[PDB]
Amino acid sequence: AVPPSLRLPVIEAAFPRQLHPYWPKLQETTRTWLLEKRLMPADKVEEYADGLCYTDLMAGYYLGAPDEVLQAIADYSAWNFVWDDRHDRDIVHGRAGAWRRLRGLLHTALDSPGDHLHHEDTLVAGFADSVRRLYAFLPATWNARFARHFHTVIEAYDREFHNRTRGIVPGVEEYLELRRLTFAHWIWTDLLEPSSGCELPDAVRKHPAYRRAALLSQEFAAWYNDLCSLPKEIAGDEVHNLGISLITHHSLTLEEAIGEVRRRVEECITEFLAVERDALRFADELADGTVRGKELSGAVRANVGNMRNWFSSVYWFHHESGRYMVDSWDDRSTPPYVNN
């Protein structure tokens, strides 16, 4: 039963949820992986990991992924959550030296993950391990694009650090720019490709319908998050939230900001439904009747299919995950699953 303030009837009806069959194993393996890489304390894993629904999130998004591809993606994704928490704790404690070191450690590991599998900072070693596996699925051109995209994500996270320490709550249009990167829009978009086991030629993946569909899928997810994480983020002195920068710069009140964010989240859905028809038409014309044609077609179709799936996974993840249940924390500014 979703709060009316967060309820989106169109998702509930027109976007039926999906679940990868490897999910049950995925849940236990990724949990073990957080345990053995020491990414979270053992007693925080035992009592919170599964309840975080990190693996559920991805198993409802990357449908059709080879099991090991999914595993790589879920370990990486769960690492990303821990990184968000560490980034957040570096800010709350003003660990700028620590943050900056980590930052540079990450840029380096990204280009050279083998060399960092056993780095003393467990957060890095954990990064290097998932990244190393992600690079084993596709040609080095895909790997280079991922690194080029994730290099931008680290820097976006750096800008966030400069904003929170100062106090700068970005402008709405500025936030819209920053959010496509802090949410890692283009990472999730790249990982569509190993999930369907094909590196899409630029001509294919930059087709305007593929591009807009991909964009729209990611705007929904990110803006839904801001909507749903807004209470926990307010409590933790976040400044990075569409809700937040609407209040601050447009003098909308709480209930006015939430409404404008909701309206923008709904337009994503209906814009997605329009371009989805186009994306699928394209897939259907790729199939020129050659073996390569069938391959591109099937891969684009699957990717658009998973772009659609993201809507439902993200939606339900925000209501099933302990990550956002701030109303249950002894200290609302400090989530229990976080190392403080």
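All residue numbers refer to positions in the sequence shown, first residue = 1.
Higher mean CA temperature factor, per the PDB entry, when comparing 92 to 100 with 181 to 189: 92 to 100.
Per-stretch averaging of Cα B factors for 250 to 258 and 222 to 230 places 250 to 258 on top.
Within the group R212, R133, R145, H162, the record's highest C-alpha temperature factor is found at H162. Across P139, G126, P113, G197, the greatest Cα temperature factor reported in the deposited entry is at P139.
The deposited CA B-factor of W329 belongs to the highest third of values across its chain. Placement of the Cα temperature factor of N80 within the chain: middle third of the modelled residues, per the deposited record. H149: CA B factor lies in the lowest third for its chain, per the PDB record. Looking at the C-alpha B-factors along this chain, the one for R38 belongs to the middle third. Among all modelled residues in its chain, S313 ranks in the lowest third by Cα B-factor.
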